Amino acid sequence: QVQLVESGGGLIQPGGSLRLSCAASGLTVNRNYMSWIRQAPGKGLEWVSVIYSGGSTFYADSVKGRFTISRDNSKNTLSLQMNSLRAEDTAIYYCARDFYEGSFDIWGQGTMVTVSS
């Protein structure tokens, strides 16, 4: 019943932009801590951004000023606008719901972002 479904990944040149979408069901986006978490191929987990239910947003330093998180209350969706992309931004991007101080109990299958040389 409950699931998150990422979409929008692809292959992009450096300095190009990309926009990701996370369709929720069984869970209301604007009522939750919704974060984006990425994982570079072969490396560890790196939190990217979060948006509070109240609307506050926060970002990792490595994406500050280049990434923008948003939500669509109408379509129960979470979005990540990724601008000025760099090679170190190549990763699988996951949206997840925080239910306790960072505990991500629900994840999506991810979407693959690749920044060509």
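We number the residues from 1 along the sequence you see.
- In the PDB entry, a CA B factor belonging to the highest third of its chain's modelled residues is recorded for residue 28.
- Among the modelled residues of its chain, residue 81 has a C-alpha B-factor that falls in the highest third, as given in the PDB entry.
- Sorting the modelled residues of the chain by their CA temperature factor places residue 43 in the middle third.
- Residue 35: CA B factor in the lowest third of modelled residues in this chain (values from the PDB entry).
- Ranked by Cα temperature factor within the chain, residue 4 sits in the lowest third according to the deposited record.
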